[PDB]
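Asker: Can you keep this structure in mind? I'll have questions shortly.
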Ligand code: NA
């Protein structure tokens, strides 16, 4: 099924950090924790035990095995998925463990400011939804096309590279819900492109995302509550979504 509209947002918090990510578990689990990264690069993640903890800036610091770049990470099943800064390596870091798993996206743009999403200086966007685990990236072959790697969860390996043919120059940002890729306009306020990942075909999508045009750092669908999570100019937002 497809998204027909996005509701008014709920703001959870405003921080000084213009760019960052906030993330919650999306696996069918009782887990109230929140994970945050700040800025476009670093080696630390802040873990909050719950929302009141986030509200009061009471966090545990977790040191990562590799520096992250960008704002396109995701948390799924007690693991952080993220772009290893300055490489085409994607890292899966399980929070109670030492050695992460890694995979390489050999034909993906990953340096020299040739971003997948320029607004957020992002090269890769990891997304988790009802139909699988996905890595959105931009081709280093033609330097333009948006692709989505479909993952195998157990092996943390790529089973398929899906070419949308959509040029990244038209994309503001994106998220994936129920196996459908949704891409925003360059102003990041409307969704103007969509792609049925398992059907391998474009589908019509034109609906408003938000009224604010403030810079958009992170945009991510969480299948556990079916809400859009975003980070907008230091504002942590939640959007409800309406399916057809
Ligand atoms: Na996104």
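Residue numbers (the entry's author numbering): 299 to 542. All residues carry an ideal CB built from backbone N, CA and C; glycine is no exception.
#1: Around the C-beta of residue 504, are 16 or more other C-beta atoms found within 10 angstroms, so that it is buried, or is it exposed?
#2: Which residues in the same chain have their Cβ closer than 6 angstroms to the Cβ of residue 481, if we skip the five residues on either side of it in sequence?
#3: Output the distance between the C-alpha atoms of residue 526 and residue 440, rounded to the nearest integer angstrom.
#4: On the criterion of 16 or more Cβ atoms from any shown chain inside 10 Å, does residue 398 qualify as buried, or is it exposed?
#5: Check whether the region 509-516 touches the region 309-324, taking contact to mean three or more Cβ pairs, one atom from each stretch, closer than 8 angstroms.
#6: Using a Cβ-Cβ cutoff of less than 7 angstroms, which residues in the same chain neighbour residue 340 once the five nearest sequence positions on both sides are dropped?
#7: Report all residues from its chain with a CB closer than 8 angstroms to the CB of residue 442; omit the five preceding and five following residues, and keep chain order.
#8: Tell me which same chain residues have a C-beta within less than 7 angstroms of the C-beta of residue 354, skipping the five on either side of it?
#9: Does the Cβ-Cβ distance between residue 520 and residue 377 come in under 7 angstroms?
#10: Determine the contact status of residue 338 and residue 419, defining contact as a CB-CB distance below 7 angstroms.
#11: Suppose the cutoff is 8 angstroms on Cβ atoms and the five residues either side in sequence are ignored; what does the same chain contact list for residue 371 look like?
#12: For residue 405, which residues from the same chain have a beta carbon less than 7 angstroms from its beta carbon, with the 5 sequence-adjacent residues on both sides left out?
#13: Can you check DSSP and say which residues form a bridge with residue 554?
#14: Can you give me the start and stop residues for the beta strand (DSSP E) that residue 402 sits inside?
#15: Go ahead and label residue 501 buried or exposed: buried means 16 or more other beta carbons lie within 10 angstroms of its beta carbon, across all protein chains shown.
#16: Under three-state DSSP, which class holds residue 466?
#17: Under the DSSP definition of a beta bridge, which residues are partnered with residue 494?
#18: If you reduce the DSSP assignment to three classes, tell me which class residue 353 lands in.
#19: If residue 540 sits next to residue 301, beta carbons under 8 angstroms apart, how far is it from one beta carbon to the other, in whole angstroms?
#20: Output needed for residue 534: all residues of its chain with C-beta closer than 6 angstroms, excluding positions within five of it in sequence on either side, in chain order.
#21: Any heavy atom of the ligand NA inside 6 angstroms of the beta-carbon of residue 541?
#22: Quick one: is the Cβ of residue 472 within less than 6 angstroms of any heavy atom of the ligand NA?
#23: Among 510, 434, 426, which has the Cα closest to the Cα of residue 476?
#24: Kindly give me the distance between the Cβ atoms of residue 462 and residue 474, rounded to whole angstroms, as I take these residues to be in contact under 8 angstroms.
Answerer: Judging by the given coordinates:
#1: exposed
#2: 469, 472, 491
#3: 30 angstroms
#4: buried
#5: yes
#6: 365, 366
#7: 436, 465, 466, 467
#8: none
#9: no
#10: yes
#11: 319, 321, 335, 378, 379, 380, 381, 424
#12: 437, 438, 439
#13: Look at the range of the chain in this structure, 299 to 542, and you will see that residue 554 is not part of it.
#14: 399-402
#15: exposed
#16: helix
#17: 478, 499
#18: helix
#19: 7 angstroms
#20: 310, 311, 320
#21: no
#22: yes
#23: 426
#24: The Cβ separation is near 11 angstroms, so there is no contact.
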